[PDB]
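Colleague: Quick one: this structure, given as structure tokens, is what I'll be asking you about.
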Amino acid sequence: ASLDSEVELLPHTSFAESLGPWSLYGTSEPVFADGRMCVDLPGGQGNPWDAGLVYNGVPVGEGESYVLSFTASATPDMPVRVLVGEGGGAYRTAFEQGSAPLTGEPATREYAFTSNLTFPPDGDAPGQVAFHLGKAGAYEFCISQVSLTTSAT
């Protein structure tokens, strides 16, 4: 993992029993089976802005680099899309990407990016993070945990 004891920034990381205060819709009613939640994304929607998870709370200090450690795998294999930033106002985000490769590899993936825009929790623009997996080429996404850290020494 990161440095001694990851630096969980948000007090929540257990999608095995409940999806905490996170959101989820657009795909198949997710289901936390044994200890993980999966969503059927085989349909065929050529537009990620359709199914995915969502949640606020993800401060960003323009200048430093953050990291997202999501626990999940793609079945079959294929790339997905993820975005993170504020939720109102500038709207422009820095965690806006669409090249996230995922296959039968279950584990925590760490995505490190450079903060280019400060994003505080107060200002009609709190934390924002929407996992975009919807895709005419999508498939199935099984997640059991999700949390972002920073790792400092």
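Starting from 1 in every chain, residues are counted up; chains themselves are A, B, ... following the order of the structure tokens, and ligands are numbered from 1 as listed.
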Just want the 10 Å neighbourhood of residue 147 of chain A, counted on only C-alpha atoms, with same-chain residues fewer than 6 positions away dropped. Output as a list in words.

Modeller: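 The filter keeps residues 6, 7, 8, 9, 10, 11, 12, 13, 14, 58, 67, 68, 69, 70, 71, 108 and 110 of chain A.
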
Colleague: Keeping only C-alpha atoms, write those residues as a compact mmCIF listing (two decimals), in the first residue's frame.

Modeller:
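Okay, result_5.txt is ready:
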# COMPACT_ATOMS: atom_id res chain seq x y z
CA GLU A 6 -2.37 4.48 4.01
CA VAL A 7 -3.55 8.07 4.57
CA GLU A 8 -7.30 7.48 4.08
CA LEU A 9 -8.57 11.03 3.44
CA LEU A 10 -12.29 10.18 3.71
CA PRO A 11 -13.61 8.06 6.64
CA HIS A 12 -15.27 5.45 4.38
CA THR A 13 -13.94 2.42 2.47
CA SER A 14 -16.07 -0.75 2.62
CA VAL A 58 -12.25 14.69 -2.25
CA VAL A 67 -4.10 8.97 -5.48
CA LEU A 68 -7.25 6.82 -5.82
CA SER A 69 -7.11 3.19 -4.64
CA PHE A 70 -10.28 1.46 -5.89
CA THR A 71 -10.81 -2.26 -5.19
CA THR A 108 -6.44 -1.69 -5.52
CA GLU A 110 -3.61 3.65 -7.67

Colleague: Quick one: DSSP strand (DSSP E or B) residues in segment 2-153 of chain A, as a PyMOL selection string?

Modeller: chain A and resi 23-25+31-32+37-40+52-55+60+62+64-74+78-85+97-102+107-114+119+128-132+140-149

Colleague: Using only C-alpha atoms, find the one residue out of A:84, A:53, A:45, A:138 that sits nearest to residue 24 of chain A.

Modeller: A:53

Colleague: Just how far from atom CA of residue 59 of chain A is atom CA of residue 120 of chain A, in Å to one decimal?

Modeller: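 According to the coordinates, atom CA of residue 120 of chain A and atom CA of residue 59 of chain A are separated by 5.5 Å.
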
Colleague: At what distance in Å, to one decimal, does atom CA of residue 55 of chain A lie from atom CA of residue 22 of chain A?

Modeller: 4.5 Å

Colleague: Which one is closest to residue 44 of chain A: A:113, A:28, A:145, A:135? Count only C-alpha atoms.

Modeller: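 Result for the nearest residue to residue 44 of chain A: A:135.
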